[PDB]
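Presented as structure tokens, the chain that follows is alone, the form deposited in one PDB entry.
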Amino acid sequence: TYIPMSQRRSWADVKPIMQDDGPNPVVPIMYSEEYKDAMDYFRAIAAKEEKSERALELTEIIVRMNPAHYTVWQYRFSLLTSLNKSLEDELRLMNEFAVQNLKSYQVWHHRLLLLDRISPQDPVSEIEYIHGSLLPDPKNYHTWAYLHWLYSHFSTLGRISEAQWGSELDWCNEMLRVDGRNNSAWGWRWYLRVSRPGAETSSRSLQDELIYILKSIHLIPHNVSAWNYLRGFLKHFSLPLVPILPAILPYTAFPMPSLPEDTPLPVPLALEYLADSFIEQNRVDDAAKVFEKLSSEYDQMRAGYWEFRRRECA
């Protein structure tokens, strides 16, 4: 049985405030007894700006019922700061929420604020947890963006060691080994190998990168992720497509292809590569013809787009 807060000794001194959405409001929600009661007292708590333990406990009650209540989360963190609570304890609480909440903006940002304030000298323990967090959902957009922020933030403070980066790349490589179609992992690899300020860019670092990309494509020729990464790579570093063409040509029918079972030809992205190759050689006529084949046969869903590319040649 639920005990109304009006009958609670700890709250006897608080006069609750009713929700004010006017008369006959639209989209009204049938709140539970618990939820309404808690908000009734929160309205009073926040109105008087009381920073207390009971206020803190109340915020946990509320956010558990509605993990997306940004107002309550904002008030909670101001309580953590004001009461000088153990942010480590709160971090362990967030590990329970991260289990079933999954895709709440408010949970994730709350975790971000915690780690910003705590500002640990070595974020390795948090990095690990994030990795483990990704097992149930390897493509959680919130999580990946958070990992990006964690490494970017703490590297700006100079707390990401070369050993840390190195193990991260190992972990990323393992993610792509388990599912090479994980576009989130590809995106992370781009950060580690290309976009991050401290990325190693040498005339031999490029060698290794092409080797990795090509082998990835040869393992899974119809993987859109690998193809996009390949084009973004050549484009970013202003590399010519022509020299690497021999490794792609076979898919239009440095590591080379084998051919793997269940691999229908031609691969539309390989044709795009070939077409753009012709453009690179100023052979607009030969480019148009492959663009026309994409539009007419090999990628008809984008008939109009490939028709646009074919005209872009003329």
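Under this definition, the rigid core comprises the largest set of C-alpha atoms superposing within 1.5 Å between the forms. Residue numbers here begin at 1 and follow the sequence given.
This protein has a second form, the form deposited in another entry, left out of what is shown; the following refers to that one.
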Which one of 148, 109, 85, 103, by Cα shift of 2 Å or more between this form and the one not shown, core superposed: 103
Which is it in the other form for the CA atoms of residue 103 and residue 41, closer or farther than here, knowing they shift by 3 Å or more? closer
How does the C-alpha distance between residue 141 and residue 103 change in the other form compared with the present structure, closer or farther, given a change of 3 angstroms or more? farther
